[PDB]
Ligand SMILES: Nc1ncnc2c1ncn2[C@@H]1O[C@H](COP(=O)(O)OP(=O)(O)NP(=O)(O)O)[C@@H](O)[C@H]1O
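Below you'll find only one chain, the form deposited without the named molecule, shown as structure tokens.
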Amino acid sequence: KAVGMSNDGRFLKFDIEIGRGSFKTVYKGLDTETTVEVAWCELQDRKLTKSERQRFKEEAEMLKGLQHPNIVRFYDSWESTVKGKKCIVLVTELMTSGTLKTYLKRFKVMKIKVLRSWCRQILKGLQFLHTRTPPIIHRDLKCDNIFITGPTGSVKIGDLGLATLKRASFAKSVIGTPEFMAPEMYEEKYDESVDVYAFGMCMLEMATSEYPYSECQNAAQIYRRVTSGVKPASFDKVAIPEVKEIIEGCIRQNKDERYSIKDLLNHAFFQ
């Protein structure tokens, strides 16, 4: 039943797989100190670069100290092996009710009251990160890493450390759904405003129930459109003018012209 544990006995791994990605497999686990189930994520160490492995360790140490209602709890991390696999284990608060991505798939639309409340919570989570000293920039905010505490619960932003694997400047294979990112992030030249861009694109997806830029077949075509100011076609499908305006001011090409988080939280839309 237990197929691993942390060196101090505090966390146990079950052989119950609950997510997967290029770099990770996620298992259900247990905090024996509290009795609460946790997520036990195994990062494939051999795929990482030296600088990524260094970064992950530094970021995991700052992560352990963070606490905010709209950020997924990060408990700890260490190096582990099992048979021929070395990994970095990360233990986080278990999220059982899906993500914004799963919500949209299942329920088809997000009603505006829900959009308003959950977007407000995402902005509080980001304001919290950006006001840490020094600021934490998420860098990889998306619908699939904004977790819900229940189908009518609150949202919590997750994967803050995993964002250090975003590999924004890498060549990548043309397979699966091509992705966009903020124009400056292609060159790795970010600040807080990259999270505003990403927030805007998340809101657009919430408002339209589609991933932006589906008209493009690959990430190069997306790159050409994003770095020349061309909006995703789904922008024109946002039915509510107020919601469309907010998106528009978040997803500006030039980072210095985007909304600030303060100005979003102060916007009429958000009380």
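Residue numbers run from 1 along the displayed sequence. In this text, rigid core is short for the largest set of C-alphas that superpose within 1.5 Å between two forms.
This protein has a second form, the form solved in complex with the named molecule, left out of what is shown; the following refers to that one.
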Partner contact check in the deposited bound form: of 24 to 32, 200 to 208, 236 to 244, 213 to 221, the stretch with a heavy atom within 4.5 Å of the named molecule is 24 to 32
Hey, in the deposited bound form, does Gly19 get a heavy atom within 4.5 angstroms of the named molecule? yes
Consider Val226 of the chain shown here, and say whether it contacts the named molecule in the deposited bound form, taking contact as heavy atoms within 4.5 Å. no
Hey, in the deposited bound form, is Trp118 touching the named molecule, heavy atoms inside 4.5 Å? no
Using 4.5 Å between non-hydrogen atoms, is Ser193 touching the named molecule in the deposited bound form? no
Tell me, which of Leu94, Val114, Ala168, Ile137 has a heavy atom within 4.5 angstroms of the named molecule in the deposited bound form? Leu94
Of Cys216, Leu48, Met62, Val238, which is the single residue whose C-alpha shifts by 2 angstroms or more between the shown form and the other one after core superposition? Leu48
Displaced residue check between the shown form and the other one: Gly98, CA, 2 Å or over, core reference: no
Core-superposed comparison between the shown form and the other one, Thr152 Cα displacement 2 Å or beyond: no
Please say whether, between the shown form and the other one, the C-alpha of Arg167 moves by 2 Å or more once the core is aligned. yes
Report the direction of the Cα distance change between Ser169 and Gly249 in the deposited bound form, compared with the displayed form, as closer or farther; the change is 3 Å or more. farther
Regarding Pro183 and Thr177, go with closer or farther for their CA spacing in the deposited bound form versus this form, the difference being 3 Å or more. closer
